[PDB]
Amino acid sequence: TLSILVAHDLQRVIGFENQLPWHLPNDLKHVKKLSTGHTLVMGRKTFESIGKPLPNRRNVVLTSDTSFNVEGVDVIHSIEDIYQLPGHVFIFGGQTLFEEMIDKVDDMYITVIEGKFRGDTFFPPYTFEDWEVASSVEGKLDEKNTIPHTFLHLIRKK
Ligand SMILES: NC(=O)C1=CN([C@@H]2O[C@H](COP(=O)(O)OP(=O)(O)OC[C@H]3O[C@@H](n4cnc5c(N)ncnc54)[C@H](OP(=O)(O)O)[C@@H]3O)[C@@H](O)[C@H]2O)C=CC1
Ligand SMILES: COc1cc(Cc2cnc(N)nc2N)c2c(c1OC)O[C@@H](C1CC1)C=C2
């Protein structure tokens with residue numbers, strides 16, 4: 001199973017200066033629940049943003065750099081390697097990966113951040129005429145999660 005996993009704001013911002021624009025623990029907890037025990041596929045810049053492989057799952061980085069060899073990371077070098085990997089693979093970012101994979105994945109786990117952030121990287125446009133809402137669940141606000149957000153699970157129609 002091939003999934004996108006992504007947080008994006010009302011204008012589909014995903015990124016600013018190689019970090020997330022928002023502070024939102026609940027969504028990182030969401031990511032953790034989903035991807036633990038499974039595989040993340042991520043491009044190099046995104047990996048460099050996370051810095052270390054995420055515990056307790058397979059971390060796969062897509063890069064052209066054949067020097068690349070990082071303890072705890074699998075390297076692949078073309079998009080097409082993605083479809084080898086076994087099990088539930090989450091496409092994990094960034095803009096270039098989402099743009100490359102969005103027409104190819106079975107389904108997407110999106111967190112809509114109900115906010116307008118300044119960004120420099122974006123999730124590509126998509127339509128609900130294409131994507132059916134398997135679930136929509138409001139995140140809870142609290143001291144430490146103070147931006148409204150909705151967990152969507154969307155499945156390619158038809
Ligand atoms: N909100 C969210 O859910 C998430 C947001 N982000 C954000 O996304 C942004 C990063 O996106 P972006 O800047 O596009 O970078 P990416 O993380 O998508 O990585 C870009 C790099 O990935 C590698 N790559 C991509 N496609 C290929 C390919 N087909 N073959 C070989 N290598 C490939 C290249 O690495 P190289 O040049 O080394 O060869 C390329 O430079 C950041 O701002 C980050 O904060 C990231 C993940 C999640
Ligand atoms: C671009 O930066 C990040 C992207 C991401 C990617 C990411 C974040 N949020 C969502 N919903 N999907 C994603 N694909 C993460 C992330 C990032 O910064 C550390 O942090 C980690 C937390 C510490 C364990 C997890 C994810």
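FYI, residue positions are counted from 1 along the chain as it appears here.
Cβ coordinates come from backbone N, Cα and C, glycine included.
Quick look at what Swiss-Prot annotates:
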type    : residues                                        : note
DOMAIN  : 1-156                                           : domain 'DHFR'
BINDING : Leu5, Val6, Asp27, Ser49, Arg57, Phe92          : substrate binding site
BINDING : 6-7, 14-19, 43-46, 62-65, 92-97, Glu100, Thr121 : NADP(+) binding site
Where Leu97 (NADP(+) binding site) falls in three-state DSSP terms: helix
Of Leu5, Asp27, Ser49, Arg57, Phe92, i.e. the binding-site residues, those within 10 Å of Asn18 (NADP(+) binding site) when Cα atoms are compared: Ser49
Close in space, distant in sequence - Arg57 (substrate binding site), Cβ under 8 Å, 6 or more apart: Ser35, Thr36, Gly37, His38, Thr39, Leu40
Residues among the binding-site residues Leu5, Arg44, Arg57, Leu62, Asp65, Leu97 that border ligand 2 - Cβ under 6 angstroms, in sequence order: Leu5
Count of other CB atoms lying within 10 Å of the CB belonging to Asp65 (NADP(+) binding site): 10
Cα-nearest neighbour of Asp65 (NADP(+) binding site) within the listed binding-site residues, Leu5, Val6, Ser49, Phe92: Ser49
Distance-selected binding-site residues near ligand 1 (C-beta under 6 Å), from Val6, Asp27, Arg57, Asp65, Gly94: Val6, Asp65, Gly94
Cβ neighbour count (within 10 Å, all chains shown) around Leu97 (NADP(+) binding site): 22
Cβ packing number for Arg44 (NADP(+) binding site), 10 Å threshold: 17
